[PDB]
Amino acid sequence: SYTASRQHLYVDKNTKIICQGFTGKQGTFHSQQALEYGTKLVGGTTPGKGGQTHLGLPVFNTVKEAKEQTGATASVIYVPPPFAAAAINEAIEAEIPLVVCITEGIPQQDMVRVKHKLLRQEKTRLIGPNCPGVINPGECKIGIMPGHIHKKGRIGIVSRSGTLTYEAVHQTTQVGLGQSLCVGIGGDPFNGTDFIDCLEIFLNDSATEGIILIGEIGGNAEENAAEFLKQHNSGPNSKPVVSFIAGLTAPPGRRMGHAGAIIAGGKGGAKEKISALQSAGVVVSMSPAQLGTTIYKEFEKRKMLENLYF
């Protein structure tokens, strides 16, 4: 099944990237930063501009050409909402291993179609849409996150929120723990990667000693991830999981910015998410400003336990 493609989330120093929407405002800008960061950006697509040169790199008409000419193993999409779902499809068809779609506003029905074909293959792993991408600090950065707040380290961060991820990153940088791999799954209700997808990677990765899960109102992915942790992160040598679930003051019936962040018919509230997380062993930080100090203290508690019993 499509779960086979989960490994492709773990972008690294051999990831080679093309940019869909390369000549556009945001494709251009975040490509310059990818090159500032040292990420192996190698080319890009824009229909009708195959042949041009942009940031010293080739522009192609199709993903298929770009993949053939550059050996690219990952794609990032800055294509506007009316066409972005078509871009995602072209990259699944082109069999690109990892596809990051930054675009906000893709119709939900589009993404159901995209998801239909997405779930019926396993070569391509989709993160997004409506997400800031994924970053392996110092090795590879696909998306819009500021490189300079990160620091290679030990905390895995998966999150439905862009700016909240930066908080977690900054705090875990501030307490000295660093980040092993951050994945923003974005704030749409139909997307290519959930929390469970990132946890299986985090759990199986040795660089990742702690996990932060940042979630919010809407859907059930936090609740599913709570069950998953009960099966895969119990027993000894389990990894600490700190979480923060946003929208505790959110009124029902309202889209709270993210298209996916809404409570409806009593389903999707924040407090249901906290109970379910806390019942799997997850430490919920009450305050969004305390993700770092809470995961930090969690490591202390384990050290105090070892000192006590030796």
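Quick note: we count residues from 1 along the sequence shown, nothing fancier.
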{"item": "Of 183-191 and 234-242, the one with larger mean CA B-factor", "value": "234-242"}
{"item": "16-24 versus 295-303 - which carries the larger mean C-alpha B factor in the record", "value": "295-303"}
{"item": "Ranked C-alpha temperature factor of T45 among modelled chain residues, by third", "value": "middle"}
{"item": "B-factor third for the C-alpha atom of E104 within its chain", "value": "lowest"}
{"item": "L57 - Cα temperature factor, lowest/middle/highest third of chain", "value": "lowest"}
{"item": "For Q32, the third of its chain into which the C-alpha B factor falls", "value": "middle"}
{"item": "Relative C-alpha B-factor of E223, binned into the chain's lowest, middle or highest third", "value": "middle"}
